[PDB]
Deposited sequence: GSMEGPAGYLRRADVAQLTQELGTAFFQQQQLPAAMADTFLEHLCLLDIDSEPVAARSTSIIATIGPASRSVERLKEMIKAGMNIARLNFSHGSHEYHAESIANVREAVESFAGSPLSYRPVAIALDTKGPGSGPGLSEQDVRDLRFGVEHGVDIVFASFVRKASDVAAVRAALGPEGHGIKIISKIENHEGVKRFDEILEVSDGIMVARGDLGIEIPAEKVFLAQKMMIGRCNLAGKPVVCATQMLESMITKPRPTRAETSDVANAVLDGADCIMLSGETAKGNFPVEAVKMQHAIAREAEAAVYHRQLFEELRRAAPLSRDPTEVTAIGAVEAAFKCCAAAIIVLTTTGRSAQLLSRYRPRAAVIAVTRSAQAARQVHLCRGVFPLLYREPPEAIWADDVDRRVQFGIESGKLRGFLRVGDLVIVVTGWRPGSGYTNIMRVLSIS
């Protein structure tokens, strides 16, 4: 079986609780997190985190997405930062146990319409192959359409994460989310635009609505602010990181903590440590039931397979859900049900591998082997790639159970199969 020690780790006594109150009462500081950290860390790259050597330390500390703030620097400066990130990422393309795809996100300066500088900076993003755009001061659905249009003919695969920074953005949230790929709760400007004591209501509301819609939500700004000058954060700061994860955030961000502060690597390490602890403390019993009850009935086989797979993973305490995905959509639909099992996404798309870091609990594996002549053989080779990487990284052991999600024919949009596999 698994043993009594297995059921004492990763807050499993608190997870089995019949009420939220009992769940809180059963939280144990001695119950150690075992699962890999599922909340992605976005680190803002600036003078303090630009060097190739510093970026290697940040990748090792847990950075998944590199943010380039186009409110500062120049095109030449950000292109050098992008090249340094790509160089530090590719320095691990040898050791499979260390290679990790890192997304590149462009944060716009902001706006009567889209600013001239935004148009130029967005074009720069397309030309430099950025994966994500954090669009500043989004107030309505037409602002997202303008950013979408500026991403031109070559950039329609770039993800647009709309930053909600003012009262109008909060009030028009539903129409913005409908046309955006995700949302960033941009607390800095939001805390100036609306009373500071109301920001938590906007954060909790937007995270809840994004979780319900199955779209990524980023919690941003001043999460570990004091770490710009101090080697350890305050009690309010560690609490804030933990509570953003407990709220349901897919990503957490570092701004000045990594862009200009004295402790960029330590700030990433701190976010990693807190997120792991907070993910184990999530009350999955009620969360899954509520995501289940609130999500409408679906006749989309990818959505139907995803809920079946997450239910199966919870039933056997599956070590992982291995999904084959071209666009990342199959992994995103698994992620919306918040499984405790890691979602190992095997893809041939280098861009999808970087973009799936926006989805909580998705661990991308970029597959570069040449295709098999028989499609079913090519599928099994990718499933075994996910198992062998999982074994290598520590996610899996022989005798573990995994859930495998695939489709019935090649190409995106046909996911409809869930298999229960025993690791051999």
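- Unmodelled regions (deposited sequence positions with no C-alpha coordinates, counted from 1) are 1-20, 132-134.
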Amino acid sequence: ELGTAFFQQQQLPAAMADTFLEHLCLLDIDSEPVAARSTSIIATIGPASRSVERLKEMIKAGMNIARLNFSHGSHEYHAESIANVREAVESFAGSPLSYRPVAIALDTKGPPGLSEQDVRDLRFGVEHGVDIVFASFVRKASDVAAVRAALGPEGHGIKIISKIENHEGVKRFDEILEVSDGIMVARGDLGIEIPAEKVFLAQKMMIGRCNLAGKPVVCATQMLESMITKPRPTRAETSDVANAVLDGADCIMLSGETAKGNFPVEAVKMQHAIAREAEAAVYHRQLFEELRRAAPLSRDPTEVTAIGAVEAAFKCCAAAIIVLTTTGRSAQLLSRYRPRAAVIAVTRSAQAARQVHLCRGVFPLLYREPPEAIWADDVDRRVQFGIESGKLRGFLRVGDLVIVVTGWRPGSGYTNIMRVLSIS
From here on, numbers count along this sequence of modelled residues.
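Only the largest set of C-alpha atoms that superpose within 1.5 Å between the two forms is called the rigid core.
- Annotation: of the segments 45-53 and 368-376, 368-376 departs further from this form in 8 other deposited structures of this protein (C-alpha atoms, root mean square over structures and residues, core superposition).
- Core superposition of the other structures onto this form places the C-alphas of 87-95 farther off in 8 other deposited structures of this protein than those of the other stretch among 87-95 and 245-253.
- Of the two stretches examined, 164-172 and 300-308, the record assigns the greater average C-alpha temperature factor to 164-172.
- When the mean C-alpha temperature factors of 205-213 and 93-101 are read from the deposited coordinates, 93-101 comes out higher.
- If you compare the C-alpha temperature factors of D378, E388, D28, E369 in the entry, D28 comes out highest.
- Per the PDB entry, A259 shows the highest C-alpha temperature factor of the residues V185, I322, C317, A259.
- Looking at the C-alpha B-factors along this chain, the one for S51 belongs to the highest third.
- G152: CA B factor in the middle third of modelled residues in this chain (values from the PDB entry).
- Ranked by Cα temperature factor within the chain, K60 sits in the highest third according to the deposited record.
- Remark: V362 belongs to the lowest third of its chain, ranked by C-alpha B-factor as recorded.
- Sort the modelled residues of the chain by CA B factor and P339 lands in the middle third.
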